[PDB]
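# I need the structure of the sequence given here:
(chains A, B and C, ligands or ions: 15)
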Amino acid sequence: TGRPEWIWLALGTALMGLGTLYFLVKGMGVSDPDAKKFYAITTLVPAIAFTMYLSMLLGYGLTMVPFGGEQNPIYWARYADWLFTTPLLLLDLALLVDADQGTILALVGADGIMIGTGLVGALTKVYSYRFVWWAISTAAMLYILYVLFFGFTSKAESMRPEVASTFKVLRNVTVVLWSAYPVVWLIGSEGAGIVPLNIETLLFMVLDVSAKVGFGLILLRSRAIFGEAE
Amino acid sequence: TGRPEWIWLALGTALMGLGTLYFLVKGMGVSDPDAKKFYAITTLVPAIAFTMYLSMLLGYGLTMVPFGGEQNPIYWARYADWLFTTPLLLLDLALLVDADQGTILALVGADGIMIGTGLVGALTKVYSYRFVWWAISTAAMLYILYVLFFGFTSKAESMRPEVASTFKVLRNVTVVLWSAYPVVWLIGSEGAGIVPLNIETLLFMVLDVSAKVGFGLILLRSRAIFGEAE
Amino acid sequence: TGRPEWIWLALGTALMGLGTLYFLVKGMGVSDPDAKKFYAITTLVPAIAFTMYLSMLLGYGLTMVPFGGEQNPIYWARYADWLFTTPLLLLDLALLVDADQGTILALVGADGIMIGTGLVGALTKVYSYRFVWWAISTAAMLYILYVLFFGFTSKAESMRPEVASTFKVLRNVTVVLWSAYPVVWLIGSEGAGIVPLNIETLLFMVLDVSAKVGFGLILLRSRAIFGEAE
Ligand SMILES: CCCCCCCC/C=C/CCCCCCCC(=O)OC[C@H](O)CO
Ligand SMILES: CCCCCCCC/C=C/CCCCCCCC(=O)OC[C@H](O)CO
Ligand SMILES: CCCCCCCC/C=C/CCCCCCCC(=O)OC[C@H](O)CO
Ligand SMILES: CCCCCCCC/C=C\CCCCCCCC(=O)OC[C@H](O)CO
Ligand SMILES: CCCCCCCC/C=C\CCCCCCCC(=O)OC[C@H](O)CO
Ligand SMILES: CCCCCCCC/C=C\CCCCCCCC(=O)OC[C@H](O)CO
Ligand SMILES: CCCCCCCC/C=C\CCCCCCCC(=O)OC[C@H](O)CO
Ligand SMILES: CCCCCCCC/C=C\CCCCCCCC(=O)OC[C@H](O)CO
Ligand SMILES: CCCCCCCC/C=C\CCCCCCCC(=O)OC[C@H](O)CO
Ligand SMILES: CCCCCCCC/C=C\CCCCCCCC(=O)OC[C@H](O)CO
Ligand SMILES: CCCCCCCC/C=C\CCCCCCCC(=O)OC[C@H](O)CO
Ligand SMILES: CCCCCCCC/C=C\CCCCCCCC(=O)OC[C@H](O)CO
Ligand SMILES: *C\C=C(C)/C=C/C=C(C)/C=C/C1=C(C)CCCC1(C)C
Ligand SMILES: *C\C=C(C)/C=C/C=C(C)/C=C/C1=C(C)CCCC1(C)C
Ligand SMILES: *C\C=C(C)/C=C/C=C(C)/C=C/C1=C(C)CCCC1(C)C
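Numbering: from 1, shown residues only, chains lettered A, B, ... in the order given. Ligands and ions are numbered 1, 2, ... in the order given. Sharing the structure here:
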């Protein structure tokens, strides 16, 4: 098609589709009520992403935003996907370590503020204000990262060894890949505009696939997702 | 008013209003914590629908969408109602059979994908793509229907006989009436345009009232909604 | 800036920010799983409000709506904030008295109808219809107020005395301050237009800060938020 980033949108669509199908077939027959929750959560994540990658591929998920005296292409469908997928991914982690309800609310609520302030920043027509929104969004993210190291890492250790080991890996995956998101937004098409749109779209595609399908491959092969049973 | 479908919107509004009022008066005094949940869920459903039928009657819930080189009337308020009412109706069924949490998440999440992809298809400006969205939405629906027969029908039987009998009736009601929705959309104003808007609006009105107020009349007269008590 | 109401938006922003920071520092170290829920809920409330007051300050949260043959400034960001903060505030109360699930659903669902019909009324382009939406919204509110006196006040009394006393105060705070909202909307810029926008913005600022940060100061100093323990 006529937008150079199309190839990375097509490839993202295909990878999320294949991931959904694999997790769906792999979850068939699972009867353990605990693993059923982890399959439910983890298969819904790439199914949502599939539909929203497709909407960007087909042009629905794209709008033009005037700032810096120019009509800027903004993919708003990213924030519609992230709004529902990112709390499910934190739910996978919190259920692993059997977090208490107060802590789950805090994580999901902070996650909503991070995504919502990011959408306002993406659509903001006053250039300098877009970075104010980027700052508030990044602060909400640092709160989440703090919780994952100084609330969760200290209960998982008092848990089943298989739980503690699977959580450590997935926590480390989460902190590394989530930290790259604020930087790519800042230097790409929504921010300073140093990196062009087609390269920004490739970077996000590599990040989006790793943090959902990669994460899922690690979790759903683990023994931690089953109750202990004879 | 000046749109021929107004009479079916007015009648839908009145029927949802009367239904809400009846379920509200009937639920007064109920103290059983179990029946309270079924009344809560089941009365919220026609109250939401009342407000959204009214917005279509008054013109707020209507927009024009250009496709096939024509300005097409699209009632978007349908998807704002269905987004909150359809998961409540599946919650009535899952609580009946005491479904496990993993299965409820799967049903509600699949329901969200079905409604969300339906809204994208309703607003899509490229004619042939509207049917791609219709196909993904229908696939999410088939997943839901499968769950209701090959996950739920097999636990309800291991339950109280009054539960098993009320669920069978409501499951059958659900599968028959929900299957008509994809067909009416395809042949009506959002799709191929064979059936005109005023007749499509009548068909949906008959389907919307039956699946909410009819469903509710069956459930709230049943003994299944109470715990077993002496 | 060039809108006279800016000073009340700036002051609201600052007060919600300071409130968030105070509740955040005060909740540090709390380990009781019960108080953790009350801190989680109660700190998220002024953090959401901070971001949405800021969006009104910076102009993002403002739109123009044509009615009465005039282009009317409508702050739509109010309803985006109230949509997520008002159910959390009712969750604080229901958890205090350990409400049953059916009753919480009813309150949160009625709250959604009240806010949603209020947004439709704020954006409605036919003047006389805006008050129809105001009436349906006010009816949903009266339902909520009824529940708080003739469902909750009668279980809190059968509870811990510290719970019963803290709930009475917060219930009374809630009923008084929430009842002022329908009146200010009716006589201000969204309704009859008797009170001008800058004064309406001051009134709401005083109401918004009292009902969130004031409410929170009362609740989080109470002993009711902790389980009974030795
Ligand atoms: C898992 C196994 C596979 C791992 C794969 C990891 C890929 C992730 C990173 C890709 C960045 C590639 C960036 C390519 C940028 C080219 C930019 C370019 O053309 O620069 C010239 C410019 O136009 C004028 O100076
Ligand atoms: C529960 C007791 C009551 C049950 C009630 C069930 C009604 C449901 C179906 C109605 C379809 C009616 C369709 C009417 C279509 C008329 C179309 C027409 O006028 O066709 C001519 C056309 O304009 C040029 O060929
Ligand atoms: C907690 C301690 C502090 C308590 C503080 C409570 C304040 C709340 C109410 C304020 C209303 C003030 C209204 C000011 C209205 C002025 C209107 C005006 O100028 O009227 C003239 C008009 O322009 C032509 O007739
Ligand atoms: C436990 C539940 C916790 C839930 C916590 C949720 C946190 C979200 C808070 C604020 C972001 C609000 C974002 C609103 C963005 C609307 C932007 C929009 O729709 O813009 C339309 C148009 O382009 C412009 O007028
Ligand atoms: C002037 C400062 C600006 C205003 C402040 C920034 C607001 C938006 C940013 C981040 C949200 C941070 C997280 C909000 C949620 C906190 C939840 C909480 O306190 O949870 C405690 C509970 O004990 C858990 O275990
Ligand atoms: C722990 C995770 C935290 C994640 C958040 C980290 C944020 C700060 C990082 C980098 C900013 C680097 C400065 C970028 C600003 C460049 C300004 C500019 O105009 O640069 C000119 C350009 O390089 C040529 O034209
Ligand atoms: C457990 C919780 C599970 C929740 C699962 C949720 C599933 C929804 C997923 C994707 C649909 C997203 C739909 C987004 C549609 C937005 C369309 C819109 O607003 O269009 C505005 C404008 O007309 C055009 O720019
Ligand atoms: C190439 C194929 C296209 C991509 C695929 C279509 C995606 C969208 C369609 C349907 C969603 C189907 C349901 C998604 C939710 C599945 C939940 C699940 O797996 O739940 C298992 C759990 O054990 C429960 O008891
Ligand atoms: C189990 C529930 C499944 C529900 C989903 C079932 C979907 C397929 C059904 C019918 C499609 C029939 C074909 C419709 C296409 C008509 C094409 C056309 O242009 O027809 C010309 C017209 O008839 C004169 O002008
Ligand atoms: C347990 C969960 C219970 C949840 C209960 C939820 C109750 C909400 C119901 C109806 C309000 C719907 C409001 C929809 C308003 C949309 C307005 C809008 O977006 O307008 C865009 C544009 O300006 C115009 O086309
Ligand atoms: C013709 C009349 C117009 C139509 C009617 C107005 C609809 C919208 C207004 C108010 C919603 C009222 C509250 C709706 C929720 C009721 C929940 C319920 O019944 O809960 C019972 C349960 O036992 C709890 O403990
Ligand atoms: C329990 C909580 C309930 C809260 C809900 C209470 C609603 C009714 C209250 C007041 C309406 C007063 C009438 C306002 C209408 C004024 C009409 C008008 O045009 O007035 C002319 C103006 O005063 C000069 O030009
Ligand atoms: C599905 C893929 C994932 C892991 C999405 C994560 C998204 C973020 C961590 C977003 C954070 C942002 C910040 C912190 C600042 C503004 C821009 C973002 C919304 C991308
Ligand atoms: C409140 C009434 C009910 C039962 C609503 C049900 C709606 C559906 C089953 C919608 C399904 C659709 C599909 C499967 C395909 C695109 C069009 C729809 C969104 C109507
Ligand atoms: C965060 C502050 C609070 C307490 C917000 C409460 C908002 C209401 C009680 C809103 C009610 C409305 C009604 C009943 C009628 C239309 C206008 C409103 C949406 C403001």
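# which parts of chain A are helices?
A:6-26, A:33-57, A:77-96, A:101-122, A:127-147, A:153-156, A:161-187, A:197-209, A:215-221 (DSSP state H).
# residues in contact with the fifth one?
Helix A:127-147 is touched from outside by A:67-68, A:90, A:103, A:106-107, A:110-111, A:113-115, A:117-118, A:120-122, A:124, A:175, A:178-179, A:182, A:185-186, A:190-191, C:51, C:54, C:58, C:60, with contacts defined as Cβ atoms under 8 Å, 6 or more residues apart in numbering or on different chains. Backbone N, C-alpha and C define where each C-beta goes, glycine included.
# what about that helix, near ligand 5?
Yes: Helix A:127-147 lies within reach of ligand 5 by Cβ under 6 Å from any ligand atom, at A:136, A:139-140, A:143.
# distance from the chain centre to that helix, please.
Computed by Cα atoms, centre = their mean, to the nearest Å, the chain-centroid distance of helix A:127-147 equals 16 Å.
# what about residue A:113, how many residues close to it?
Neighbourhood size, residue A:113 [other Cβ atoms under 10 Å in any protein chain shown]: 22.
# where's it relative to ligand 5, distance?
Note on residue A:113: its distance to ligand 5, by Cβ to the nearest ligand atom, to the nearest Å, is 5 Å.
# list the residues that contact residue A:66.
Residues near residue A:66 by Cβ under 8 Å, 6+ apart: A:72, A:125.
# closest to residue B:14 out of the helices of chain A?
Residue B:14 lies closest to helix A:77-96 among those, at 35.0 Å (Cβ to Cβ).
# right, is the closest one up against ligand 13?
Yes: counting by Cβ under 6 Å from any ligand atom, contacts between helix A:77-96 and ligand 13 involve A:82, A:85-86.
# and these, which is closest to residue B:169?
residue A:85 (36.5 Å).
# contacts only, for that closest one.
By Cβ under 8 Å, 6+ apart, the residues touching residue A:85 are A:45, A:48-49, A:212.
# can I get these in JSON lines including distance to ligand 15 and neighbour count?
Shown next, in JSON lines, are the contacts of residue A:85 (distance: Cβ to the nearest ligand atom, whole Å; neighbours: other Cβ atoms under 10 Å in any protein chain shown):
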{"residue": "A:45", "distance to ligand 15": "32", "neighbour count": "27"}
{"residue": "A:48", "distance to ligand 15": "30", "neighbour count": "23"}
{"residue": "A:49", "distance to ligand 15": "33", "neighbour count": "26"}
{"residue": "A:212", "distance to ligand 15": "35", "neighbour count": "25"}
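# quick one: which of those is nearest chain C?
Minimum distance to chain C across the contacts of residue A:85 is 20.4 Å, recorded for residue A:48 (Cβ to the nearest Cβ).
# which residues of chain A lie near chain C?
Within chain A, the positions adjacent to chain C are A:100-103, A:105-106, A:109-110, A:112-113, A:116-117, A:120, A:123-124, A:126, A:129, A:132, A:136 by Cβ under 8 Å from any Cβ of the partner chain.
# mind doing that once more with 10 Å?
Proximity of chain A to chain C, by Cβ under 10 Å from any Cβ of the partner chain, involves residues A:100-110, A:112-113, A:116-117, A:120-121, A:123-126, A:129, A:132-133, A:136-137, A:140, A:143, A:151.
# which of those are buried, as a ChimeraX select command?
Those of the residues of chain A next to chain C that count as buried under 16 or more other Cβ atoms under 10 Å in any protein chain shown are selected in ChimeraX with:
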select /A:100,102,103,104,105,106,107,108,109,110,112,113,116,117,120,121,123,124,129,132,133,136,137,140,143,151
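# residues contacting the residue in chain A that ligand 1 sits nearest to?
When distances are taken as Cβ to the nearest ligand atom, chain A reaches nearest to ligand 1 at residue A:206, 4.6 Å away. Residue A:206 makes contact with A:8, A:11-12, A:177, A:180, according to Cβ atoms under 10 Å, 6 or more residues apart in numbering or on different chains.
# what's the separation between residue A:95 and residue A:88?
Separation of residue A:95 from residue A:88 (Cβ to Cβ, to the nearest Å) stands at 10 Å.
# got it, and residue A:226?
For residue A:226, the distance to residue A:88 (Cβ to Cβ) stands at 20 Å.
# who's more crowded, the two?
residue A:88 (19 against 14).
# mind listing what the more buried one touches?
Listed by Cβ under 10 Å, 6+ apart, the contact set of residue A:88 reads A:40-42, A:44-45, A:48, A:108, A:111, A:212, B:105, B:109.
# widest-spaced pair of those?
A:40 and A:111 (18.7 Å).
# contacts only, for the residue in chain A that ligand 11 sits nearest to.
Of all residues in chain A, the one sitting closest to ligand 11 is residue A:101 (21.7 Å; Cβ to the nearest ligand atom). Going by Cβ under 10 Å, 6+ apart, residue A:101 touches A:94, C:33-34, C:36-37, C:40, C:95.
# ok, and does stretch A:117-137 reach over to ligand 7?
No: residues of stretch A:117-137 are not located near ligand 7 by Cβ under 6 Å from any ligand atom, the shortest gap being 10.5 Å.
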